[PDB]
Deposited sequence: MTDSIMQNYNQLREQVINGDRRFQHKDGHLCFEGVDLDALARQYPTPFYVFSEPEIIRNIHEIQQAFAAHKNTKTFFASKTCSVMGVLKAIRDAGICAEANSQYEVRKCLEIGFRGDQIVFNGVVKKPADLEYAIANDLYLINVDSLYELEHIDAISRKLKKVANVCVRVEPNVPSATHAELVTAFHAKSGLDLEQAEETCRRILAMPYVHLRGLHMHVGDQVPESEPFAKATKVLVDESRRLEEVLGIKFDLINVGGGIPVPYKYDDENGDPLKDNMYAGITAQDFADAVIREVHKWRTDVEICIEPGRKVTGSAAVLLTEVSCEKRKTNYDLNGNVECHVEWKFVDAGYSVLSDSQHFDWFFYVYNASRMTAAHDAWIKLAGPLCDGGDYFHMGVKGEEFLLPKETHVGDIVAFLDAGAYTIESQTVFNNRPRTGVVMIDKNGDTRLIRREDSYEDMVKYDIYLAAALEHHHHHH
């Protein structure tokens, strides 16, 4: 099976450089939107992430084209996915809106140019200061996640004499037990009284209901079933309360392919295979909404799908070693070829914490057979800081000729990879480079400096 696994992985490698809209090859090197990534990693210090504005645009087009059957669709990028200002700017320039998950995310979205009417603010803990900031900035939506929080929305909107526009988050029990496993939202049974309360509030304007199914969802059925619950309650409440809702917000969760050989993958057992497309998500949602109204606005909150495929992590092979296991008589049992790169799980956190797979290739030797089994380690002083989600078990494939100094690329590294970095071991969080629409590159986030990292501390100087 290993030889066939090796054959299959090299077929995937060839597809990257001859059949992928993002990539080419030049001088033996992987190129991204025409940019030679080996050369790029000689210009900027590794490790760093490189984002593609062209690919973000293609992803947004996929999402928007998926919703062509429903004209009144509004798309809010879930900025917890990635909020580097230059990424947010590319997303704003590509024509969609923004969902924010904290006061500082709201502020960043406003500062990069999203208008208040292009921002949704969601959360389970929206303290009075957070709500005051959001209400004062006339956000399109602030979700209502609990009755406790709603009391603060009422009080603060009254204090500011400013209308707060809200959607009530309802998390349906769609059979694993919503009460035990879903911290967010209200129960369906609480929706009516919550909406009745809001109608009576002078400065709180009820716009619709909200749900969010989850992340990297491998089937369309959960979106259909959950949307139907919220549509049925929306229809019922319009009748009971004598109102017409502005909108329904169905959240995010469109998956991204992290493994591409779907013929060999089962998305229900390995959700690195994308089980559905944006079109499947849209078909499920739109079909359920149109059983109630065709004119109502549908709000969607895609995160991962906007940026996931649109970045690469570039990391230099910085050390190598061979480790050999010997039996008790001194005979070799096996050899392990370790390659150390300058990025570990403080840089690429989900590879460790969420068992996330990313394709790994030698970008400096992209046209060479990846014919050697290796283990790939990071630089942290932690026995667990190596990449466990290999091609076969914990083993990766690289050219046997791989050399210290080569650039390794992790593909599909654009979602949930920047804000989740740490300064563990006082290794810096990475710089970030952007490829713009013209194929030109610029730095959009600096690498943390020494002074950056000590300046939060308060201590007598030396």
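J.: When the deposited sequence is counted from residue 1, which ranges lack any model?
T.: Those stretches are 176 to 181, 469 to 477, listed in order.
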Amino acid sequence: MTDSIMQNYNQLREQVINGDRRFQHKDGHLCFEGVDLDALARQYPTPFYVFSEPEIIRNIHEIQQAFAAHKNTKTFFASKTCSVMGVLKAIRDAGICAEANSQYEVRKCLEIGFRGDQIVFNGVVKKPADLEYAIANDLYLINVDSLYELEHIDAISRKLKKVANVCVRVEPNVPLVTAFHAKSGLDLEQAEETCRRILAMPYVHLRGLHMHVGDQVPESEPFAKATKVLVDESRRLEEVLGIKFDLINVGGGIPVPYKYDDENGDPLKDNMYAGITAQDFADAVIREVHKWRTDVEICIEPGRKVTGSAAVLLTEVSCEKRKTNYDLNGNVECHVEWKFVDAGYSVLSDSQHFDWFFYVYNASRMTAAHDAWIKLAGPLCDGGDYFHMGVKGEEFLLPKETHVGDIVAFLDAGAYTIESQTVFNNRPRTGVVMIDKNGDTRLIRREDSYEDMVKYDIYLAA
From here on, numbers count along this sequence of modelled residues.
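Rigid core: the largest C-alpha set superposing within 1.5 Å between the two forms.
J.: Taking the root mean square of C-alpha distances over all structures and residues in 4 other deposited structures of this protein, with a rigid core superposition, name the larger of 377 to 385 and 328 to 336.
T.: Clearly, after the core fit, the stretch farther away in 4 other deposited structures of this protein is 328 to 336.
J.: May I ask whether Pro172 is missing from the deposited models in at least a third of the other compared entries?
T.: Result for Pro172: never missing in the compared entries.
J.: Which wins on mean Cα temperature factor, 104 to 112 or 328 to 336?
T.: Going by the record's values, the stretch with the higher mean is 328 to 336.
J.: State which stretch shows the higher mean Cα B factor in the entry: 59 to 67 or 427 to 435.
T.: Of 427 to 435 and 59 to 67, the stretch with the higher C-alpha B-factor average is 59 to 67.
J.: Of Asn143, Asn72, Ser364, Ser349, which one's C-alpha B factor is largest in the deposited record?
T.: Spelled out: the listed residue with the top C-alpha B-factor is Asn72.
J.: From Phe410, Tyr416, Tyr44, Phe396, can you pick the one with the highest C-alpha B factor in the entry?
T.: Out of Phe410, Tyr416, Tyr44, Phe396, the record gives the largest C-alpha B-factor to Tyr44.
J.: Determine, from the deposited record, the chain-internal third of the Cα B-factor for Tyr345: lowest, middle or highest.
T.: CA B-factor rank for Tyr345: lowest third.
J.: Within this chain, which third does the Cα B-factor at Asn137 fall in: lowest, middle or highest?
T.: Middle third by C-alpha B-factor.
J.: Looking at the C-alpha B-factor of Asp452, is it in the lowest, middle or highest third of its chain?
T.: It belongs to the middle third of the chain when residues are ordered by C-alpha B-factor.
J.: Where does the C-alpha B-factor of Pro379 rank in its chain, lowest, middle or highest third?
T.: Ranked within chain, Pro379 CA B lands in the lowest tercile.
J.: Check where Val50 lands among this chain's C-alpha B-factors and tell me if it's the lowest, middle or highest third.
T.: Its C-alpha B-factor belongs to the lowest third of this chain's values.
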